[PDB]
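Only one chain is given next, in structure tokens, and it is the form deposited in one PDB entry.
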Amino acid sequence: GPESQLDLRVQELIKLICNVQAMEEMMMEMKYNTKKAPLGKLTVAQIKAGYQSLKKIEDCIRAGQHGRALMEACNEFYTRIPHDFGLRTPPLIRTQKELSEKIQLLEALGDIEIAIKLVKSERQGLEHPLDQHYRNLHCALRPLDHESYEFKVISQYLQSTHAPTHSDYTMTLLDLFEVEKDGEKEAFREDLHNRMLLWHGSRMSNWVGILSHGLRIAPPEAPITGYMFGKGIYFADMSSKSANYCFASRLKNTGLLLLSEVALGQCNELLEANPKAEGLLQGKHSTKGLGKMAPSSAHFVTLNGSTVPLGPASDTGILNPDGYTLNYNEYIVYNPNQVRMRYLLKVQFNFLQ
């Protein structure tokens, strides 16, 4: 047929992120019943109806209801968002934690609905299908040389900010791409101080949606208690805190990890979870969940106007007297115009045992 005009490394990335069969397998792993509700029949309306049912579940949880009312709320959720629990009676979502853990399923379904729409796109024999998928992302992806300065600095950031408690794996950088998503530069809050190059990880199934639509905030219908610091976009300064969100496995041990310039401006610093954090900003530009360990000023470098908080991380002196303390920082912005995606890392996860 027509030959691909793409760099082979980009060809490889497209193949990885547009593989729908991998998306089915991953959703099967999350217990979504792809036989009852095939992924090619996912709609936005189904997913929003999903979020609405989770809101009804949140209502029950807030009321302390563990009986028929919660049974029916969960039944409604599981009808709209079919699960496979074997020969068990479907388990109730009884606590805020269980509820919060279910949001990721709806988020993956959202990004898969996007991915399937894109791969099923009309298509013209004029261009190789990889090239057609790439074009449809409206996101430039430029592979960098392993000998480049970029590759050296990012490799150093990846390694030096692998957190000591994320000891289950190491990471190897296999490939690196500069990212330029159409529209992101033009929207970006260049005016804001505290511009940092921060990590964001996600499941393999999500990247067509992320690269084509940008990082997005939860919809209005979603239950607020599902988000530790509210409906924003979350980032780490420690590579492995974000890489944990790739949910790589021993069998699927290749993931993608994103670095983005994040216009934090003035952070509202919090020790503890507060799903209503956004209403606390009062003029501030972002939320910072304070961790016990973080990169220090001493080791920082800049790349294209952004601070790269290279490690090693050291103790921040932070300790919550009145409860739980985050091990590592988290940063949350509540507008996509505080984000510019810059690098996409292809990372191999080297698991223990």
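Sequential numbering from 1, following the sequence displayed. For clarity, a rigid core is taken as the largest C-alpha set superposing within 1.5 Å between two forms.
Annotation for 343-351 versus 2-10: the higher mean temperature factor (C-alpha) is found in 2-10. According to the PDB record, 319-327 carries the higher mean C-alpha B-factor of the two stretches 64-72 and 319-327. Per the PDB record, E150 has a higher Cα B-factor than any other of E184, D111, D237, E150. When the C-alpha B-factors of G214, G201, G232, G279 are ranked from the entry, the top spot goes to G279. Ranked against the other modelled residues of its chain, the C-alpha B-factor of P295 as given in the entry falls in the highest third. In the deposited entry, the Cα temperature factor of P309 sits in the middle third of values across the chain's modelled residues. Placement of the Cα temperature factor of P38 within the chain: highest third of the modelled residues, per the deposited record. For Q21, the recorded CA temperature factor ranks within the highest third of the chain's modelled residues. The PDB entry assigns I103 a C-alpha temperature factor belonging to the middle third of its chain's modelled residues.
From this point on, the text means the form deposited in another entry, which you will not see here.
Remark: with the core as the superposition reference, the CA shift of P38 between this form and the one not shown stays below 2 Å. With the core held fixed, the Cα of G305 is displaced between this form and the one not shown by less than 2 Å.
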